[PDB]
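What follows is a set of notes on a single structure, which appears directly below.
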Amino acid sequence: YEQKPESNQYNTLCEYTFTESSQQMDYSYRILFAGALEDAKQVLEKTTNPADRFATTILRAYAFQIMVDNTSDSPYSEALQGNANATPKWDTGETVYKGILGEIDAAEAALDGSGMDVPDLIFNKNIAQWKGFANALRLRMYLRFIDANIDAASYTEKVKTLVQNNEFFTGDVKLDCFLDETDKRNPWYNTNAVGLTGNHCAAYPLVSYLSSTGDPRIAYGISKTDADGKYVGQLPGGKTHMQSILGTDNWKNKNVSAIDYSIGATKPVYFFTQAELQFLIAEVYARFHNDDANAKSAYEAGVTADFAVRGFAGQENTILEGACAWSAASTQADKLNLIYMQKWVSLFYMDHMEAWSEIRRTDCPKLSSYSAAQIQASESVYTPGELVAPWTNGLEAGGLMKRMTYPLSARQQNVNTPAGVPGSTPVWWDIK
Amino acid sequence: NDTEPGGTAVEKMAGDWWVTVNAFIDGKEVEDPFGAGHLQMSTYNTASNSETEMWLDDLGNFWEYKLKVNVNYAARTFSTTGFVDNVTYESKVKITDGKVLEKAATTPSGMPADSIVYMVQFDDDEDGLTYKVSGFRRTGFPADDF
Amino acid sequence: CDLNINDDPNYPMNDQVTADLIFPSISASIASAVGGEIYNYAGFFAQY
Amino acid sequence: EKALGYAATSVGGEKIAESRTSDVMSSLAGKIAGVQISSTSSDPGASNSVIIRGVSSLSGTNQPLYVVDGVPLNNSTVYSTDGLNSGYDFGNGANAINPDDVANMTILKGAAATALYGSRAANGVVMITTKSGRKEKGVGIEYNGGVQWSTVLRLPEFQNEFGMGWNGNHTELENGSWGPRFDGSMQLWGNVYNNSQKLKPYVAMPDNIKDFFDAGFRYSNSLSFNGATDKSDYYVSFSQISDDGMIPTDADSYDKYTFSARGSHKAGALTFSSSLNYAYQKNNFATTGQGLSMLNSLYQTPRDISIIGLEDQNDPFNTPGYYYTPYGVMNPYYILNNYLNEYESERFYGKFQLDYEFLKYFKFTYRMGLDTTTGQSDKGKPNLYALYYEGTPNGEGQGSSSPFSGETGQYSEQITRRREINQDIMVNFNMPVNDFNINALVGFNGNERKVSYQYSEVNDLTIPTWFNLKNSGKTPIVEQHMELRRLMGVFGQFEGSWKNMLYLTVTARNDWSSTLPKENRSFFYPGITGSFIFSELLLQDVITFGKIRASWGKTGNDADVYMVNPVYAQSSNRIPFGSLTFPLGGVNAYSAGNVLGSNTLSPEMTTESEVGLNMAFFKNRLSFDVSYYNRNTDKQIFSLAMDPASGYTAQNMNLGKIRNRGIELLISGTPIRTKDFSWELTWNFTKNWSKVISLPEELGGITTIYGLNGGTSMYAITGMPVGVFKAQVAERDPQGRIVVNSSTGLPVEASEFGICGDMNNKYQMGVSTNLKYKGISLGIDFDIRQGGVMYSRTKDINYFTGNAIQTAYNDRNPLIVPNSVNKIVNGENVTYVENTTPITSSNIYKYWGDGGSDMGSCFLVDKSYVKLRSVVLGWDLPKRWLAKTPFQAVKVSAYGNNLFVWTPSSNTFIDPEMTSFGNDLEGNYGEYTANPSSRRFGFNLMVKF
Amino acid sequence: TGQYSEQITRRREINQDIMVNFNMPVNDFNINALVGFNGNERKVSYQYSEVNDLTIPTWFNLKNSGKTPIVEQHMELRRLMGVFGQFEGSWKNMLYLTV
Amino acid sequence: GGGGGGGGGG
Ligand SMILES: CCCCCCCCCC(=O)OCCCOC(=O)CCCCCCCCC
Ligand SMILES: CCCCCCCCCC(=O)OCCCOC(=O)CCCCCCCCC
Ligand SMILES: [Ca+2]
Ligand code: NA
């Protein structure tokens with residue numbers, strides 16, 4: 049999505065004109081370390097029940113992973129020590145990815161058969177599915193190492209041992225327990241439909257790709273234009289430019305397709321969608337085994353999972369047997385292209401953090417050779433689905449966003465926080 | 003006790019303009035030979051914020067030229083001494099008898115507007131003529147657009 | 001000393017109470033009875 | 037008793053009362069050296085700030101101890117905990133005093149000799165003394181009847197060149213004035229209702245905002261009764277004050293009622309006295325801030341829109357679903373007639389004092405004080421969504437970008453209970469020996485403060501306008517809170533005297549506090565002051584009086600309540616513009632509290648050394664007072680910012696020294712004094728040097744006092760003055776040229792925020808003049824404060840809205856930022872070239888909205904001003920006219936307050952005397968579209984029987 | 444399953460009396476007249492909050508529930524003015540009459 | 001800092 053023309057809350061996210069002092073992550077950093085990770089430390093101090101320790105460790109590891117995919121380095125090994133170390137050193141993302149994967153391992157091996165005696169709003173004390181949540185994160189991180197070419201050999205054999213065991217989660221990994229009232233909604237909804245007014249319109253890449261593929265999912269989360277009744281995306285960071293070029297009266301909200309908030313009031317919060325799980329296996333098969341039949345199986349498992357979640361069960365036919373089908377794809381790269389693009393669709397309005405990080409790892413969707421201003425002048429140059437570097441771009445080195453600023457809170461009170469790099473420098477596992 | 007908003011050194015001759023390009027052919031002036039209609043053009047100050055020069059920018063809409071012209075702010079005139087570098091695309095342009103005439107023109111809505119006029123030649127124009135760029139300052143009502 | 005203060009502030013103005021504000025009471029009222037103490041003593045008479 | 041070893045100032049009640057202010061201390065603004073006194077706003081019933089010798093407490097208790105007779109008077113503040121979205125200020129504890137009841141106010145600025153009052157006297161003391169019964173003619177009745185008006189003082193200076201539009205283009209629904217230069221032509225504006233639209237001349241209305249305001253109006257009535265015998269006295273007083281401010285409708289409203297009755301009776305060696313006072317208050321606030329608040333809605337008005345034409349709601353175009361603009365604001369008249377913010381408070385305080393003299397030189401005294409308060413807030417918003425959303429442009433015609441989403445109505449109510457008790461047991465000994473004189477007094481002090489409240493709120497009003505906890509189909513929200521703290525202490529104060537010439541006093545006091553760690557609650561603080569009147573035993580008689588004083592002393596201090604132990608709160612998560620709290624979904628959860636406790640804290644210790652001089656000449660026709668002070672506050676207990684990756688966002692610890700050094704200087708003289716005419720001038724001058732010395736560096740040496748997320752933030756940083764602002768600034772090349780985006784033309788942000796000022800005045804002074812001629816009295820007082828900066832949302836909005844005069848800059852023709860370059864970077868070779876990209880007309884709006892070439896730092900505004908603070912014309916009727924009348928005295932009076940303000944040329948927006956974040960330290964952050972300061976003038980009739 | 448509630452109630456009554464009294468002996472008779480005005484205003488209000496099912500089974504606080512709170516609020520207001528008169532007559536400290 | 005802040009509409 050992009051910034052709705054008639055409001056202004058996210059101009060600097062869209063044009064990448066934010067800085068370290070814009071604290072675009074300071075709230076999240078706070079609630080991740082002083083909230084989630086501290087309570088985990090206490091839970092670990094208060095219970096001796098392996099299954100509770102196990103599910104706690106998985107949520108701790110998941111929180112570290114998120115931070116690392118934002119700022120590469122994260123505190124760890126020296127964090128959560130209070131006054132014993134108010135300025136923890138920032139470990140390199142790699143040292144914490146191996147660390148938290150070691151923790152999950154040690155916690156799984158600690159299991160004894162006894163049950164969870166703790167309120168579990170993710171899985172309702174189903175130990176089997178915490179195990180699947182933990183393998184799914186292993187898959188997710190094992191593939192980060194490989195495409196970073198760091199110990200790729202061994203993590204290649206583990207990712208294959210993982211996928212043939214098929215010991216993953218069923219359904220979705222989600223916190224589904226919100227109500228449409230007050231302080232109890234989906235966080236994104238609450239912030240952007242209750243706290244603020246509508247700020248989101250559809251982006252051009254998404255809208256052109258869904259309309260090209262003839263995808264019915266295009267109605268889920270996206271509304272027709274009030275001006276004309278079509279699906280119209282806005283080019284990244286191009287709000288001020290479309291108003292400059294078309295005139296104020298011909299590029300209002302009327303002319304661009306709004307993101308629909310009404311499906312979000314009680315919408316769950318996803319940590320690992322099932323569509324994403326299958327799309328990762330479909331990749332492991334297609335690329336490290338040579339098992340086309342199985343890759344296609346997990347690819348179609350992915351499209352039909354995401355088709356059911358948005359309320360279009362029965363309609364995967366329109367991209368599974370329609371053109372962009374596993375067989376109108378001759379190269380093995382055209383089929384990995386197929387997996388990554390449908391992973392990308394399946395992650396819209398579900399788990400946006402994971403979409404961006406997988407965009408960084410596979411670099412698919414690719415970055416268009418054509419600039420925003422060219423794409424606007426003649427759309428034929430554009431191949432629907434590839435990203436567009438923002439029309440105004442505050443990255444001195446251009447291109448796309450690769451990481452997030454360090455928290456200003458960490459900057460001002462932790463002498464050891466790494467020096468602010470620009471948003472163009474990649475995290476430790478994005479190497480192209 | 004009234005705060006003066008301020009401005010750059012050439013504030014009153016900077017602007018956005020709606021102009022049409024005429025030519026002088028065989029002595030007589032022919033109306034819009036290139037059939038281009040009304041076109042958008044900007045003039046604006048230089049980063050040096052001087053009273054002595056000013057940018058003239060056709061915005062890619064006629065010949066794709068942009069050059070600094072010499073300005074006399076008091077007489078509201080602007081010209082070039084011979085041919086000057088075109089920064090848009092490696093060419094050379096000459097601006098002659100340039101005037102900004104306050105409230106002298108009228109908009110399509112029948113309202114007074116500032117007029118702009120200037121004669122122009124280009125060194126890669128195979129026919130080597132002098133053109134007359136004339137227009138008015140843009141208002142902002144879409145009725146006055148083209 | 002205004003004496004016209006005898007409209008009960010604890011309850012809404014009678015205009016503002018519309019048919020859609022009253023109608024859901026009808027089923028809940030009926031349910032609280034026939035699924036409560038009536039249902040109760042009927043379970044003894046039917047010998048459940 | 038001016039054997040005092042440090043600076044103080046005495047004001048008689050006649051001058052306190054004569055400004056006819058609702059409050060005791062706001063008439064004193066700019067008249068006392070070292071006493072900084074400012075109101076939070078001109079809204080009726082607002083708090084007043086009083087800070088003596090700068091801020092010492094980093095958060096956030098810098099008010100002086102108010103001691104009424106002399107019992108600690110409670111002075112808690114009631115103002116909004118969220119000043120961005122719903123700012124309101126309901127008052128200050130000292131405001132309850134009836135100014136007509138005051139006999140003498142002495143303000144003690146020194147923290148060297150505080151054993152009498154305890155810890156809270158380190159911010160200074162305001163020692164009020166109330167009037168007593170007296171013998172006089174005739175019946176002992178004084179009446180004061182007042183009447184007064186207020187008008188708006190300074191509105192932002194507006195551009196009047198361009199009307200409604202955006203990007204330079206004409207629109208019909210904008211909240212801003214980025215359209216075309218005015219034509220005089222017939223344009224369309226506002227929504228279309230029933231297939232018809234408003235069409236008006238496209239001209240400016242320069243007075244449109246000015247004419248929205250009313251004249252405020254205020255009546256007051258004060259009555260007292262007094263009498264004495266030679267063994268007793270009795271005083272009983274009543275005061276009423278009814279304020280309806282300049283904002284249209286009754287939404288500025290303050291009603292004050294006080295009643296008080298004090299008496300004494302001596303029998304033999306025993307005297308008992310008591311003073312019992314009751315105070316009532318009802319405030320109504322016109323809420324401020326960035327949402328559907330009145331003033332935000334009012335400032336976002338095109339310069340061609342007539343505001344007073346928007347009031348009639350029988351005109352459908354002013355109805356909320358067709359109001360001309362839908363961009364996150366509403367009709368101000370609708371917000372004022374339909375939103376509720378209300379406060380009501382009843383308060384009883386008093387003392388009992390028993391004095392018993394024995395053995396010729398001893399005096400025992402017992403004094404008990406009790407202060408108790410109940411207050412009730414009631415806040416409501418209509419459910420705009422179900423009222424106006426479907427069917428209207430503003431409306432379902434705007435979808436998710438409507439001002440009615442999710443304005444589904446809200447109502448809450450809070451009830452708050454405060455109660456302080458103070459107990460004093462003192463025995464005093466006083467005996468002359470030779471020319472020497474010994475004054476010794478030892479004492480015990482007990483203190484107990486408690487506050488509690490309960491709070492309940494419902495959202496989604498079923499019947500949209502009725503504000504009642506029953507009117508919601510959804511879960512209510514409830515909160516309850518209680519604090520209790522206790523202090524005991526013993527103290528002694530020995531005062532030696534020699535021949536009315538050499539006064540030397542020493543103090544000493546050891547408190548025990550509940551709020552310190554159990555292992556360390558006792559703290560001890562001594563103090564030495566001295567005084568020497570050298571003109572007494574120096578001829579002439581040209582030196583009327585000559586005094587030199589010195590003081591060295593410490594005062595201790597404990598922490599705020601409950602800062603030693605770890606807590607677990609009920610789990611909640613603060614997310615941008617919202618929360619996600621437990622219970623979900625049926626489960627309740629507790630999270631470890633995000634402030635780390637400490638059981639190692641030690642007491643706070645304030646040390647101060649002061650010298651001073653006081654000389655008078657020619658029968659007190661020329662006087663001066665000067666003081667030099669050096670105050671450091673050490674080990675102050677504070678919740679100091681910490682990296683959240685430690686597990687907590689803050690740790691309680693002892694800070695370092697906050698220092699205030701400065702000079703206070705007062706000069707007065709009467710150039711002219713005949714029988715019928717006297718003229719006196721007075722000049723007071725203050726210069727205070729604020730410096731934080733150290734913040735424990737293990738946590739960095741910076742901590743936030745108040746700031747916007749990714750926006751202007753005020754800090755305390757290790758080596759600098761309290762309250763330094765950081766704000767966004769344009770990048771600049773090594774040569775001071777401003778770096779500019781090569782495509783849009785607008786300035787580029789720098790890597791870091793720039794340090795852009797502090798909150799402190801560099802100096803502040805007043806100049807006053809009094810003229811008497813035959814019972815005619817004329818006073819003029821000027822208040823000067825220069826230096827410091829302050830965030831101003833008033834500017835920020837009139838820049839963004841394109842209404843400020845500054846935005847008419849290049850007459851809005853495309854322009855290159857003078858002295859601008861582009862940063863050409865190829866991998867790692869940075870090079871700057873001359874910028875040739877102009878700001879287009881379409882983007883002019885955004886150049887100014889973000890602050891021009893200053894960027895965010897633009898909205899830090901110079902705090903400086905000169906004010907004509909008060910003027911008082913007074914006429915005591917000649918006594919002979921009162922002969923066949925019941926009147927002993929009549930004095931008619933005319934006065935004006937806050938009459939005119941001059942500011943630097945860089946500030947054409949606000950009266951710097953505004954805030955949105957209270958009357959203490961966080962208030963210095965700035966003003967978040969506070970309501971505009973008022974100019975007040977009135978009459979007062981004083982009738983004595 | 445536990446319960447905790449809290450109520451704050453607030454009452455306030457104002458009464459005002461303005462009277463003039465007249466007393467004159469005439470011969471043996473004695474006359475005392477009294478005309479007056481009375482004004483009165485009474486007001487009570489309260490606000491009430493309650494939570495059930497206590498998470499921590501012994502701690503009595505409105506935070507200590509995972510279930511819905513109950514909230515109730517109440518106000519009543521009544522006013523009254525009156526005029527009155529009381530004539531008492533008296534003969535020789537023997538007959539007394541009052542109207 | 002802390003405390004949000006919204007842009008306006010235009
Ligand atoms: C000549 C008699 C002197 C009696 C002096 C009473 C001495 C106790 C002070 C004390 O220990 O701590 C005071 C802190 C709070 O006290 C209260 O909350 C009030 C407790 C109740 C005090 C009642 C005092 C009665 C006064 C006639
Ligand atoms: C010589 C003075 C005679 C004053 C006589 C005042 C008479 C009017 C009372 C009235 O109408 O109704 C009383 C009902 C409640 O009164 C209030 O709520 C109190 C209203 C405020 C009354 C303030 C009285 C101040 C008296 C010092
Ligand atoms: Ca008013
Ligand atoms: Na926490």
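Protein chains in written order, with the entry's author numbering: chain C, 49 to 480; chain E, 3 to 148; chain L, 1 to 48; chain D, 37 to 574, 578 to 984; chain M, 444 to 542; chain G, 1 to 10.
Here a beta-carbon is modelled for each residue, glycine too, at the ideal position from N, C-alpha and C.
### Task
May I have the straight-line CA-CA distance separating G841(D) from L854(D), to the nearest angstrom?
17 Å
### Query
For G442(D), which option in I457(D), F295(D) and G617(D) has the closest C-alpha, if you only look at C-alpha atoms?
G617(D)
### Task
Consider the Cβ of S76(C): report whether some Cβ of chain G lies at a distance smaller than 9 Å.
no
### Task
Out of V211(C), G161(C) and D160(C), state which residue places its alpha-carbon closest to the alpha-carbon of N183(C).
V211(C)
#### Entry: Span separating the alpha-carbon of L435(C) from that of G269(C)
20 Å
### Query
Thinking C-beta only, is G204(D) closer than 9 Å to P192(D)?
no
### Query
From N946(D) to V828(D), what distance separates their C-alpha atoms?
11 Å
### Task
Say whether chain G places a C-beta atom closer than 9 Å to the C-beta of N748(D).
yes
### Task
For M282(D), verify whether its CB is less than 8 Å away from any heavy atom of ligand 3.
yes
### Message
Less than 9 Å between the beta carbons of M164(C) and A84(C), yes or no?
### Response
no
#### Entry: Proximal chain D residues relative to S44(E), where beta-carbon distance stays under 9 Å
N852, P853, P877, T879 and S880
### Pocket of ligand 4 defined by Cβ to heavy atom distance under 7 Å
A82(C), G83(C), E86(C), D87(C), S630(D), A631(D), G632(D) and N633(D)
### Query
On the three-pair Cβ rule with 8 Å, is the stretch 486-502 of chain M touching the stretch 514-522 of chain M?
yes
### Task
Would you mind telling me which residues of chain L sit closer than 7 Å to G482(M), beta carbon to beta carbon, in chain order?
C1
### Message
Which residues of the stretch 2-24 of chain L have a Cβ closer than 9 Å to any Cβ of chain M? Give them in chain order.
### Response
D2, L3, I5, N6, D8, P9 and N10
### Task
Note the first and the last residue of the continuous beta strand (DSSP E) segment covering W19(E).
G17 to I27
### Query
Distance, Cα to Cα, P710(D) vs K67(D)?
20 Å
### Rounded distance between the beta-carbons of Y318(C) and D228(C), thought under 8 Å
At roughly 18 Å, the Cβ-Cβ gap does not stay under 8 Å, so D228(C) and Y318(C) are not in contact.
#### Entry: Sequence-distant residues of its chain with Cβ nearer than 6 Å to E493(D) (five each side left out)
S448 and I513
### Contacts of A680(D) in chain C (Cβ-Cβ under 7 Å)
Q461
### Query
Does any CB atom of chain G fall closer than 9 Å to the CB of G281(D)?
no
### Query
With distances taken between CB atoms, is the gap from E126(C) to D139(C) smaller than 9 Å?
yes
### Message
For a test of the three-state rule: what should DSSP assign to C225(C), helix, strand or coil?
### Response
coil
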